[PDB]
Amino acid sequence: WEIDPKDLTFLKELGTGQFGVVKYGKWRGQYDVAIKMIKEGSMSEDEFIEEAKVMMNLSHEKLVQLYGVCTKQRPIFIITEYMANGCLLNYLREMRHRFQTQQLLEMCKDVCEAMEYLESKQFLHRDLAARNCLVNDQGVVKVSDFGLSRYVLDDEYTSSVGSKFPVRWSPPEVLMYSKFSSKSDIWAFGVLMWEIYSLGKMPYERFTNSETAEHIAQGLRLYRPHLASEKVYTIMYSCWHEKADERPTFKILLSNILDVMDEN
Ligand SMILES: Cc1c(NC(=O)c2ccc(C(C)(C)C)cc2)cccc1-c1cn(C)c(=O)c(Nc2ccc(C(=O)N3CCOCC3)cc2)n1
């Protein structure tokens, strides 16, 4: 969907991301949207435009929808669903003292539903983390910016030794071989559950990226957050098998989470 930029009203600055400026606005004076203004040089644009239909056709209640693009001008725009509560990582830290454990599990379920959908579509997120989940006005968590890491033009982000590469969310085979698969998203999802249950702490805080890489390659795993039951920790820990083929699918994780909910 090529959106007519005349149909967009910019209303508020939402900050800056790895493509530059993002704004809150309305489409046809009614629907809230977020608008990424793709900073020139920041994205592999012809690759993106060439491949974006698959990403727009991803449709699920727990994905932050890509509604369309504006490509007949520069900078190009990516128009998405608007999420009033911003990123999950901040939401966790801001409301840290208010969450009940049932709500944390619900958040895990939301993310797991989105990822099971993506898995079913053989579509990789590649940068799953609380910072890449957003929260709407009703506390529903949704997965954002799935697939976009592929188009990033920034050596600090694209190199596994870059300062921006999501090392703390990456399995050994990504760190060593750049081998992304369903099972590297699984690993990241485990780390995301850990961010949720730790109420937004940084994974491997006080370790550098390279120290993190070194020690996880040797078997170091994130400790159980105080708020995680042993059953919940078992679920997140299952995502961290050194060998990719020993990790669960998102279908299995979803069943695991639903079982805990029913037990609860
Ligand atoms: C996704 C995003 C980025 N980041 C990126 O664009 C980005 C680009 C590429 C990547 C890859 C690395 C994966 C390629 C990652 C991220 C940067 C800035 C804003 C948003 C964003 C988006 N949406 C769709 C919202 O609904 C929303 N909503 C907000 C709502 C509220 C607030 C806010 O200021 N709040 C929250 C409520 O309490 C008051 C303070 C902030 C944002 N904020």
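These residue numbers are counts, starting from 1, taken along the chain as shown.
Even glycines carry a Cβ here, placed using N, Cα and C.
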Study note, to complete from the structure: Feature phosphotyrosine (Swiss-Prot), candidate list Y117, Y157, assigned to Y157
Practice item. Among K36, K53, find me the residue Swiss-Prot lists at the same ATP site as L14, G15, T16, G17, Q18, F19, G20, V21, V22. Key: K36
Study note, to complete from the structure: According to Swiss-Prot, of the residues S159, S210, the one annotated as phosphoserine is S210
Practice item. Write down the residue from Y24, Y67, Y223 that Swiss-Prot flags as phosphotyrosine. Key: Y223
Review point. What does DSSP assign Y157 (phosphotyrosine), in three states?
Key: helix
Review point. So what sits near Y157 (phosphotyrosine) in its own chain, CB-to-CB under 8 Å and at least six residues off in sequence?
Key: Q18, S149, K164, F165
Exercise for review: For the recorded dasatinib site, whose residues are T80, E81, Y82, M83, find every other residue on that chain with a C-beta no more than 8 angstroms from the centre of their C-beta atoms, and list them by sequence position.
Suggested key: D32, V33, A34, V64, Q65, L134, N136, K142, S144
Point to revise | Residues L14, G15, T16, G17, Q18, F19, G20, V21, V22, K36 [recorded ATP binders]: greatest CA to CA distance in Å | key: 13
